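Undergrad:
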Amino acid sequence: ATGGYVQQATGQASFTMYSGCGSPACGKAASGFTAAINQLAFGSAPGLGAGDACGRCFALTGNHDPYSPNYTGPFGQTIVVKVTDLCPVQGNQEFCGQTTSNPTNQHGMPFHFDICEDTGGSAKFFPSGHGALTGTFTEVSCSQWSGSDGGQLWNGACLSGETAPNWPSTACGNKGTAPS
Ligand SMILES: OC[C@H]1O[C@@H](O[C@H]2[C@H](O)[C@@H](O)[C@H](O[C@H]3[C@H](O)[C@@H](O)[C@H](O[C@H]4[C@H](O)[C@@H](O)[C@H](O[C@H]5[C@H](O)[C@@H](O)[C@H](O)O[C@@H]5CO)O[C@@H]4CO)O[C@@H]3CO)O[C@@H]2CO)[C@H](O)[C@@H](O)[C@@H]1O
Numbered sequence: 001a002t003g004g005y006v007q008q009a010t011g012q013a014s015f016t017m018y019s020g021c022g023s024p025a026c027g028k029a030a031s032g033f034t035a036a037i038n039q040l041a042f043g044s045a046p047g048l049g050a051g052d053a054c055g056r057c058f059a060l061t062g063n064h065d066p067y068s069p070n071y072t073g074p075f076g077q078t079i080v081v082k083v084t085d086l087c088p089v090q091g092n093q094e095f096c097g098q099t100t101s102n103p104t105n106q107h108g109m110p111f112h113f114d115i116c117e118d119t120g121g122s123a124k125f126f127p128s129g130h131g132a133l134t135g136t137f138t139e140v141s142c143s144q145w146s147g148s149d150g151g152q153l154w155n156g157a158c159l160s161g162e163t164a165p166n167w168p169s170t171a172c173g174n175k176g177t178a179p180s
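Each residue of the sequence shown is one higher than the last, beginning at 1 in the entry's author numbering.
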């Protein structure tokens, strides 16, 4: 995509959970299940505002625990998240360190979703005792997502991806160049 970002409607991903998603990189939070996506897919860098992932909805499915490879299940539910946030390369090498020159993380995954705990998504997705998984994602219509968007936190905030056709397409737009 523009800027060299890798933005695909379906693929393989890793998954973690995080706390504190009330002031996210897209500039609007949301009351439903939300996630951060790795920088190479988000379409922006820290401090540059919203990227083209903002507001898009994805169905997430876990099918493997990389820390316990003998575990065969059960896994959690498939959930639909809205992307509101950025998982930056800096400080998150293991999971969100994908760059244009090495577009997979330490678990071999080209994408990463960090699911926000605050609003309930991680309790539906992660089985107790297994807080990091790999699996798949697929972009869906936000008709499949429940919740409501919060107010704009700063000028330029954007969740317009929530009404966009699936990638490839442009809604909020990408900013800057993808990390090398
Ligand atoms: O940077 C991205 C994002 O990270 C979030 O934090 C992540 C963190 O990055 C992950 O490293 C961390 O992963 C831990 C898993 O949640 C947790 O489930 C897993 O637990 C292992 C455990 O370590 C292991 O000892 C245990 O082994 C047992 C076997 O399963 C059994 O078969 C055997 O009989 O007995 C052994 C030992 O008793 O397995 C479990 C489960 O597999 O450990 C992982 C490594 O610590 O997850 C974090 C949360 O998602 C961070 O919150 C975000 O802010 C950040 O953006």
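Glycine included, each C-beta is placed from N, C-alpha and C at the ideal position.
For a test of your reading of the model: does the CB of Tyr18 fall under 7 Å from any non-hydrogen atom of ligand 1? Yes or no.
TA: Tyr18: yes, Cβ under 7 Å from ligand 1.
Undergrad: Is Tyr5 near ligand 1, going by C-beta to nearest heavy atom under 7 Å?
TA: No - ligand 1 has no heavy atom lying nearer than 7 Å to the Cβ of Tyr5.
Undergrad: Which residues mark the beginning and the end of the alpha helix (DSSP H) in which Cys96 is found?
TA: From DSSP, the alpha helix (DSSP H) with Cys96 extends over 93–96.
Undergrad: Along the alpha helix (DSSP H) that carries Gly121, what are the first and last residues, could you check?
TA: Run containing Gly121: 121–125, per the alpha helix (DSSP H) assignment.
Undergrad: Classify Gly49: buried if its beta carbon has 16 or more other beta carbons within 10 angstroms, exposed otherwise.
TA: By the neighbour-count rule (16 or more Cβ atoms within 10 Å), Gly49 is buried.
Undergrad: Let me check understanding here. Comparing Cα to Cα, which of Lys82, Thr99, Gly108, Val80 lies closest to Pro88?
TA: Here the closest residue by C-alpha is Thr99.
Undergrad: Can you tell me which of the three DSSP states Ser14 falls into?
TA: It is a strand residue.
Undergrad: DSSP on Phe42, reduced to helix/strand/coil?
TA: DSSP places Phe42 in helix when its eight states are reduced to three.
Undergrad: What's the C-alpha gap between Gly161 and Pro74?
TA: If I take the Cα positions, the gap works out to 32 Å.
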